[PDB]
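# Analysis of the macromolecular model
One letter stands for each residue in the lines below.
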Amino acid sequence: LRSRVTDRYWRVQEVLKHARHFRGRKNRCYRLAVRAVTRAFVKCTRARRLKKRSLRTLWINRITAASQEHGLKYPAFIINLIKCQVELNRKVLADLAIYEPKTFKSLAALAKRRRXXXXXXXX
Amino acid sequence: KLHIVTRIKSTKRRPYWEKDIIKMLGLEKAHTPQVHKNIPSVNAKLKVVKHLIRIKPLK
Amino acid sequence: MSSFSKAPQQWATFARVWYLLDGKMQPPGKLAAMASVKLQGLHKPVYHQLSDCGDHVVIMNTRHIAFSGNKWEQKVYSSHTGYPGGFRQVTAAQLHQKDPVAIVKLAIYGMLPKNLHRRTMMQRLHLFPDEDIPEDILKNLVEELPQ
Amino acid sequence: XXXXXXXXXXXXXXXXXXXXXXXXXXXXXXXXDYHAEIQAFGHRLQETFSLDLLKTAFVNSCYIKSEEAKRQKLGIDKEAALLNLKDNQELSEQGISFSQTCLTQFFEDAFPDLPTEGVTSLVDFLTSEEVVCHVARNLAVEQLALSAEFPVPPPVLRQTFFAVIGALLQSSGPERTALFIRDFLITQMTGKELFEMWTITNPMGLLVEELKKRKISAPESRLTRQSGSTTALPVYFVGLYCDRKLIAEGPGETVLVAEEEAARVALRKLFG
RNA sequence: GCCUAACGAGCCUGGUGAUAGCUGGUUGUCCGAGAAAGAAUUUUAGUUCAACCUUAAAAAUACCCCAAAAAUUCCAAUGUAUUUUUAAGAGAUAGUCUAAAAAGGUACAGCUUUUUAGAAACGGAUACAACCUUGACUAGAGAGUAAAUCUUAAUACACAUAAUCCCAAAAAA
RNA sequence: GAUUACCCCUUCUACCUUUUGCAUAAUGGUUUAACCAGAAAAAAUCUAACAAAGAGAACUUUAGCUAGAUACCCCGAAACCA
C-alpha cells in the first residue's frame, strides 16, 4: 500500500511558492493560486506577444512627432525612407529622433529633397 | 515559355476541389512562387483557382 | 554612453511647457484635436504613456469660436440628473450666450483617453471668453496654427 | 527518502533567520594551497613573477600577530613569521610612490590642458580608498586575501591590493603594470563625478581663475531670455561669454543654479 | 382517517452492493494523427453492422481527369502522391447558421422539412458562433502585407429610464 | 508588459459540468487538510523456447505449439419479498 506522503504537499508548496505576491487567498489557498497562475501564464504569453505591438506603436508615435517638427508627416517620411533604400528600424530611428536631432534632420532634408525632386520630375 | 505561380489568397473557405487544384500546382503555402511548364492541362487548373492566385511569366 | 540588454528609453520626467492658442474663427473641435495632441504630449519625441509628459495649454477668445453649417442651433448638449425627467437639452447658441468656455472644453473632453490621465490632463487646460491673462505676466511660448 | 529532504528543507529554512559570519579558511570548499592559487593567478594574468612576494602580498599583520598570540598562549613551540610583514611594508611603500608617479604620468600625457588643481583632484579621487577597495572586492581579491580577524574590513583588502601592486612593480616591472591598472581605473570612472568633486566649491570663481589664467578674460553672465513657470520651476536662459563671444548658454530653475550649471558646462568645455 | 410527530398501506432486520438506457462525478508530462449523420429496432435520452477513424504489415496503384460517348456518369495526357487488401481495435448516430436551389408557412420569423457549399485564433466587423482576411512549430525590444477602420444619395416660379445607429470632431498615398 | 524598493495608465468576458452554443442571470463548490471512483485474454499484435512438432502423460497442429507481456470505473432511488 502506498501513501500520499509529501508529494501533494510539495506540489502545493511549489504552486504557492509561485503564488507569492498575489492578493488574498490566491497567495494562500492552493486552488485559487492555480487558477490565478493559469491566467498569469496566459497573460504572460499574450502580453509578450503584444509587447512588440505596443513598442512599435510608441516608436511610430515618436517618429511621427519628430517628423511633424520638421513639417512633414509620418507616412511621407516612411515612403521617402523606402525610396531612399533605408532599411533602418523604427526603434533606432526613434532613438535618433530623441538623442540625435541632427541625423533625423538630415533624413528629413533628404526626404523633402526626394519629394520635391519627384514632384518636379512629375510636372 | 514557363509560368510562375504565386498564391496571393487562402484556399480556406473554398471548395475542396480547389484545394486539390492548389495541391496539384504544388503550393503548400501562400506567397510562395512555383515554376511550371505551360500546357492546357496545367492551364485549366490554373484557370480554376486563378481568382485565388497571381501568375507571372518568367525565364 | 552606455546601454544594456534591450531596454526602452525613459530617464525620469521633465518639466511641461505652457502654450498659447488664439481664438477668432477657428473651428470648434478641430482645435480640440491638436490641443489634445499637445495635452497628451504626442508632439514630443520623448513621449511616454505612463509618464504623463503632456504640456499645459492655454486658449483665448473661446467665445469668438465659429462653428460651420447649421449646427449652431442644431447642436444639442445633454445634461441629465438623478431625478426622473431630469434630462436637459442646451443648444450651442444659448450655451455660447451663457457659458462659452464649456463648449470647447467639451470638445476636448471627448478626445482624451479615459480614466485618470483624462482628468489629469484636463486640469492642464484653461479657457476664457475674453482676454485677460495675468499668467501672461509670466512669459510663455506662443503657437499660431489657424484654420 | 523523506528524511533527507525534510532535513535539507529544515536546514535551508534554518539558514533564513540565522546568518553566520563569513570565514576565510572555510570559504573555499576544496583544499586551499598557496601554489594552486598562484598557479591559477599565473595562468589568468599575462605575466606573474616573484611567488614569494606574491604570497607575501596577501599576508597581513593581523594574521601574524594572531598567530604569534596563539603561539604564546598555547606555548607549545615557537616560530618566526616576522620577516613577512617587514618585507611587505616596503613593497607597499614603493607601491604607493610608484603608483602616484604612474598615475601622474597618465594624467599628464592624457590631459595636458588640465590645470594643476584638476590634476590633484583627479589623482585624489583615483587613489581614493573606497573606489580602489571596490575594484578589489569586484576582482574577488578577498578570496585570495588572508585575514585572521575578518576578511571583510577595507584596511586589509586595500593594503593587500597595494602590496599586490608593488609586487607586480618589482617582479613584472613597470611595463606590465601600466597595462594592468590603467585598464581598470578608466573603465571604473565612467562618470561626470570626475569634475563634479572639483566643482563642489564656487564653480563660477574657479572658471574666473581658469579664464584669467589662460585668456585673461573676465567671464560675464547675461540673461538672454526668460520662460517662466510659477507651478513647478521657472526657466531662465542664461548666457555666459567672454569678449562679446558667447562661451555657453543654459536653462535654470533659479539664477544661482542656472549660473552653476552654465559654469559647469563651461568648466568642462575648457577642459579640452 | 388512524395503527408511536410524514400510512393509497407502519417500522426493524435480512434478501441487497435489488434495479437505474438517467443524472451528478472520474486525478502526471510530452509527441503524431484525428470524427457532427446509411438503413433498421415495443426504437428516438439506448443499441447492431455500413459512412468515417486509429495501430501494425503487405500487395497495388489512385486521383485532378480533354476530344471518342450516355449537372454529372466514364476515360487519355498533366502535375501528383496515395488507393486499398489483410490482421486487431475504437468511439459517433437528441447539432446549427450563412450563401444558392426548393417545399410548407403569410414573396413572416434567430420557423420547420430537403439538396449543394462554407463554417467555428485572440486580425476586421463597437462588443457578438458562422460574414471578411488567414489554415495553426517554440524562441527574438526585426521586416513586408491581407481584410478593415472616418464621409458621400434628394428635389416641385409615432412608443414607453439618459443622448448620439462605438468617443470627440470632421469634410462634402 | 513597463515603471518606482510601493500604486494609478495601457493589454484580457471565473472554473467545472452539461450543450448547436455559457463570463453567462444554466449546473456544482465557504476555505483548508485528508479520504475518494478502469481490478476480466478467447481470437489477435508483441517478446522468447522448440519445431512437423510443441507442451511437466492434457490438448493443439497443411508452421505450428508453449510461456510471458497489452484492452471493458464508483455513488443514488421510489418499491418488491421474507
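Conventions adopted
- Residues numbered from 1 in each chain as written, not as in the entry; some residues may be left out.
- Chains lettered and ligands numbered in written order.
- Part of a larger assembly, values for the part shown.
- Heavy atoms only, no water.
- Residues with missing side-chain atoms left out of burial classes, pairs and counts.
- UniProt positions renumbered as here; feature names shortened; annotations may be inferred.
- Helix = DSSP H or I, 4+ residues; strand = E, 2+ residues; numbered from the N terminus.
- Expected span 1.5 Å × (residues − 1).
- Buried < 20%, exposed > 50% of the residue type's maximum accessible area, 1.4 Å probe, protein only.
- Salt bridge = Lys/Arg side-chain N within 4 Å of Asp/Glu carboxyl O.
- Contact = heavy atoms within 4.5 Å.
- Buried area = accessible area lost by both parts, 1.4 Å probe.
- Polar contact = N/O pair within 3.5 Å; in protein donor to acceptor, adjacent residues only side chain to side chain.
- Near = heavy atom within 4 Å.
- Nonpolar A, V, L, I, M, F, W, Y, C, P; charged D, E, K, R; others polar.
- Core = buried A, V, L, I, M, F, W, Y, C linked by side-chain atoms within 4.5 Å.
- Pairing = 2+ DSSP bridges.
- Axes fitted to C-alpha atoms, helices over the stretch in contact; angles between N-to-C directions.

Method-wise, the PDB entry is recorded as coming from cryo-EM, at a reported resolution of 4.90 Å.

The PDB entry lists chain D under the name MRPL44, with Sus scrofa domestica as the source organism. Listed as the entry title in the PDB record is "39S large subunit of the porcine mitochondrial ribosome". The annotation that UniProt attaches to chain D under Function (unreviewed entry) is "Component of the 39S subunit of mitochondrial ribosome. May have a function in the assembly/stability of nascent mitochondrial polypeptides exiting the ribosome." The record in UniProt for chain D states the following under Subcellular location (unreviewed entry): "Mitochondrion".

The PDB entry lists chain A under the name MRPL20, from Sus scrofa domestica.

Residue and element names in this part refer to chain D. Between its terminal C-alpha atoms helix α8 (residues 154–171) stretches 25 Å, which fits the 26 Å expected from 18 residues at 1.5 Å a residue. With respect to burial, α8 is a largely interior element, 13 of its 18 residues being buried. Positive backbone phi, at 75 degrees, marks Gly173, one or two positions downstream of α8.

What follows is about the pattern of salt bridges. All names here are of chain D. Taken as a whole, this structure holds seven salt bridges over all chains when the rule is applied. Here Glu67 ties to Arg71 by a salt bridge, and the two come within 2.4 Å at their closest N and O atoms. With a gap of four residues between them, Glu67 and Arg71 both fall in helix α4 (residues 61–74), about one helical turn apart. Within this structure, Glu67, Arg71 and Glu79 form a network of salt bridges that share partners.

Contact with chain A, which involves 11 residues of that partner, is made by 11 residues of chain C. Where chain A abuts chain C, roughly 1000 Å² becomes buried across the two surfaces, and 54% of that area is made up of carbon and sulfur atoms. Among the residues of chain A in contact with chain C, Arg62(A), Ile98(A) and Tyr99(A) are the three that bury the most area, contributing 45% of the side total. For the pair chain A and chain C, the number of links is four residue pairs in polar contact. Residue assignment for the side of chain A that touches chain C shows that the elements contributing at least two residues are α2 (30–68) and α4 (90–99) of chain A. If one sorts the elements of the side of chain A that touches chain C by residue count, α2(A) sits on top with six residues.

Below, the discussion takes up the environment of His48(C). Residues and elements named next belong to chain C. By the secondary structure assignment, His48 is in the loop between α1 (30–40) and β2 (56–59). Expressed as a C-alpha distance, the spacing of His48 and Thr13, which sit 35 residues apart in the sequence, is 9.5 Å. Those residues in contact with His48 that sit more than four places away from it in its chain are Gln10 and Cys53.

In the vicinity of RNA strand E lie 39 residues, with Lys91(A), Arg13(B), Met24(B), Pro28(C) and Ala107(C) positioned nearest. Counting only atoms of RNA strand E within 4 Å of the protein, the fraction found in sugar and phosphate groups is 65%. Within the side chain of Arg56(A), one N or O atom sits 3.1 Å away from a phosphate oxygen of RNA strand E. Separating a sugar or linking oxygen of RNA strand E from a backbone N or O atom of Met24(B) is a distance of 2.3 Å. The greatest single-element share of the surface near RNA strand E, amounting to five residues, is contributed by α2(A). Along the lines of polarity and charge, the residues of the surface near RNA strand E split into 17 nonpolar, seven polar and 15 charged.

Core analysis: the largest hydrophobic core is formed by 26 residues, its most contacted members being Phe161(D) and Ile165(D). Top contributing element to this core by residue count: α8(D), with eight residues. For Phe161(D), the residues in contact, after removing those within four places along its chain, are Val132(D) and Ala136(D). With 17 residues, the next largest nonpolar core counts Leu21(C), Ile59(C), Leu112(C) and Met121(C) among its residues.

Further remarks concern the sheet that holds strand β2 (residues 34–37) of chain B. Residues and elements named next belong to chain B. Spatially, three strands are ordered β2-β1-β3 in an open sheet, and the strand pairing comes out antiparallel. Of all strands in the sheet, those bounded by a partner on one side alone are β2 and β3 (54–58). Averaged over all pairs of adjacent strands, the angle between strand axes in this sheet comes to 35 degrees, irrespective of strand direction. When strand β1 (residues 2–6) meets β2, the two strands line up antiparallel, connected through four bridges.

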